[PDB]
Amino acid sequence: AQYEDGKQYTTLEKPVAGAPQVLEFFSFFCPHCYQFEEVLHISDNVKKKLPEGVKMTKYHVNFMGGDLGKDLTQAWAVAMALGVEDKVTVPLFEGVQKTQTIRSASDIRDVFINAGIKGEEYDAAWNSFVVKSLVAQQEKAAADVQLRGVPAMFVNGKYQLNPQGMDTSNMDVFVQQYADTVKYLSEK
């Protein structure tokens, strides 16, 4: 066929019950993830093509960057809890990978402050149990699919995108193939 198991996607031989419909994993330490977000805008082109009533979820992972990697998972929980993802994603990526000015949890916090989140609001969130549970959720989702690499995307806990089976000659064409593949899997 045109879309084939083992080509544009793989099927989980251990499907995950109750998973989010479209679930994307990344790390702010992850170089292809920076490309995905900053250059290719994968999440966004996927969203523009998803059917009505299919929600999108994005989680951070621990297994890159050690101690700071874990801090970033907690900061991403803060971002989700406050609904400020679209304000901190770019400066976090550039802070870790471009300027390399993020070396501590305090440096992460500065990004939120600069983005206009109040210090007390950030600290309150950081220390909150709603954020602890949001961190748990991120960890559990990744554990459920035995995740060992990012970027990664999963559809309905059953299918995993396989971008290595797609032409990268043109960046635009790759993104639409990726998005179109997600839509196809979504309709499966």
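Residues carry their position along the shown sequence, with the first being 1.
Higher mean CA temperature factor between 51-59 and 137-145: 51-59, per the PDB entry. Across the two stretches, 158-166 and 127-135, the PDB entry reports the greater mean Cα temperature factor for 158-166. As recorded in the entry, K118 carries the highest CA temperature factor of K87, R109, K118, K98. Annotation for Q35: C-alpha temperature factor in the middle third relative to the rest of the modelled chain, per the entry. In this PDB entry, the Cα temperature factor of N45 sits in the middle third of its chain's modelled residues.
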